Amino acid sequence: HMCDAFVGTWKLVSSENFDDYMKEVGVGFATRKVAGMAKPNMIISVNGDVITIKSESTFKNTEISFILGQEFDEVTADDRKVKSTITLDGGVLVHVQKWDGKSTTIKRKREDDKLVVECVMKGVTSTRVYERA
């Protein structure tokens, strides 16, 4: 019943500072431009201990399935090959991606009727707000 409040289909409604976040991650110009235009959905489901997060957009369709606390391989939408671990901390899903001696953290939290996604790469934070589809 862990992540019940996350389950569902969500649509992007606002973004702030995402180009700067992508620059800090190392995303190149053309991918920043096209991927920054995208308006993904996020489809979150749970089956037993396995959480699945799918993100569909005109740019790319991605999907991850995982167990909390258990590292996995992920290919990001910008084609990074990262080692990811996702945990639940005080009701927030905390997703750490490691690659090339670098690290970024993505937090997903329910706030009112929204699902708020905060992405942090060193000093740079981007906030993306999703609402139910």
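Note that residue numbering follows the sequence shown and begins at 1.
- Stretches 24 to 32 and 65 to 73 differ in mean C-alpha B factor, with the higher average recorded for 24 to 32.
- Comparing 44 to 52 with 94 to 102, the higher mean C-alpha B-factor in the PDB entry belongs to 94 to 102.
- Ranked against the other modelled residues of its chain, the C-alpha B-factor of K60 as given in the entry falls in the middle third.
- Per the deposited record, the Cα B-factor of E118 falls in the lowest third when ranked against the other modelled residues of its chain.
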